[PDB]
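Asker:
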């Protein structure tokens, strides 16, 4: 089997991407944030505290003939940005882009934090990191990918995120029309439950490539590129007037600037992030200070290749017995 779904930016900054997912029978279509940095499939639901719902589409298990309570199971998750959600669990039929899984754990939110309530465009998350990070207790649950894997033509999914444009998530095949050149595969550590890999270095603009190992995760659920303070200082030093603002919470730059590109290494290959991908626009409406898309990881504890990096590439998440990541230009 295979699946193919379009993923669409939620706003003009590509802050996140939503992908339609069918849940239940008859289908209830919810727009989920596919997150290669977490492992829970959770949704706004008929159980979500009513004051915490503001325009999201909800899953109503009582209207699904295939929903079953997963008796006793609860979940609770906290993300890198300080957001959180929790609830109980149903199993149901879930389809993405024509690929159907029966018996998928659908984590029904009873509570969501303010950032979820305030984002009316995101109806929940579909985790695609390793199932060892799934938060369901007392019986940990599998991701949609892990449940689909055995049915897929190839045990892979691909992320092809757009710059200010829709893109695609494919499951079970690699669309050889979707990228240029060849795919460079690199080793993955699953020790922390993430798609964790080691970049071979970086360049700023037309500068020389610095060979240096940068361990980090491929995280579609994180907007920006978070890298070591040394690398981030070297990038922003090339932008007149850029500075790190403790009041704003990261590097800012004059909105009048033209930003340099940023290159990262994948083995002997190179992925170039155009400078415009690194512009996240005014810090507040009408400001001439703009927020940078490359930020320090120093206060995180991990480097994060988020959407700023990933959308510059065609990315293969190879879930073979020995997982690997692939990157191609496009």
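In the authors' numbering, the protein residues as written are 1 to 330.
The beta carbon of each residue, even a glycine, is placed where N, CA and C say it ideally should be.
Would a C-beta distance cut-off of 8 Å place residue 127 and residue 40 closer than the cut-off?
Answerer: Residue mapping note: residue 127 aligns to position 127 of the chain shown, counting from 1. Residue mapping note: residue 40 aligns to position 40 of the chain shown, counting from 1. Yes.
Asker: Only counting runs of 3 or more residues, tell me where the beta strand (DSSP E) segments fall wholly within the stretch 88-173, in order along the chain.
Answerer: The stretch 88-173 contains these whole beta strand (DSSP E) runs: 99-112, 124-127, 156-160 and 167-171.
Asker: Which residues mark the beginning and the end of the alpha helix (DSSP H) in which residue 309 is found?
Answerer: Within the chain shown, residue 309 is the residue found at index 309, counting from 1. Unbroken alpha helix (DSSP H) run through residue 309: 307-310.
Asker: At what residue ranges does the stretch 250-313 contain a whole run of the alpha helix (DSSP H), taking only runs of 4 or more?
Answerer: For the stretch 250-313, whole alpha helix (DSSP H) runs of length 4 or above, ordered along the chain, are 307-310.
Asker: With a threshold of 6 Å on Cβ separation, who are the neighbours of residue 115 within its own chain once the five nearest residues in sequence on each side are excluded?
Answerer: Locating residue 115 in the chain shown gives position 115, where the first residue counts as 1. Contacts found: 83.
Asker: Can you give me the start and stop residues for the alpha helix (DSSP H) that residue 195 sits inside?
Answerer: By 1-based counting over the chain shown, the position of residue 195 is 195. First-last for residue 195: undefined, no H or E at that position.
Asker: By Cβ distance, which residues of its chain are closer than 7 Å to residue 238, with the 5 residues on each side in sequence left out?
Answerer: Residue mapping note: residue 238 aligns to position 238 of the chain shown, counting from 1. Contacts found: 204, 205 and 260.
Asker: Taking 8 Å as the cut-off, decide whether the C-beta atoms of residue 45 and residue 109 are in contact.
Answerer: Taking the chain shown and counting its residues from 1, the one referred to as residue 45 is at position 45. Taking the chain shown and counting its residues from 1, the one referred to as residue 109 is at position 109. In this structure, residue 109 lies closer than 8 Å to residue 45 by Cβ.
Asker: In the structure shown, what three-state DSSP assignment does residue 228 receive?
Answerer: For the purposes of this step, residue 228 is identified with residue 228 of the chain shown, where counting begins at 1. DSSP places residue 228 in coil when its eight states are reduced to three.
Asker: Which runs of the beta strand (DSSP E), 3 residues or longer, sit entirely within the stretch 15-55?
Answerer: Qualifying beta strand (DSSP E) stretches, in chain order: 17-23, 28-35 and 41-43.
Asker: With distance defined between alpha-carbon atoms, name the residue in 122, 298, 105 and 69 nearest to residue 140.
Answerer: In the chain shown, the residue the question calls residue 140 occupies position 140. The option with the nearest alpha carbon to residue 140 is 105.
Asker: Just checking, does the stretch 176-186 make contact with the stretch 12-28 on the three C-beta pairs under 8 Å criterion?
Answerer: Counting Cβ pairs under 8 Å, fewer than three are found: no touch.
Asker: With a threshold of 16 other CB atoms inside 10 Å of the CB of residue 69, please say whether the residue is buried or exposed.
Answerer: Counted from its first residue, the chain shown places residue 69 at position 69. Exposed, since its Cβ has fewer than 16 Cβ neighbours within 10 Å.
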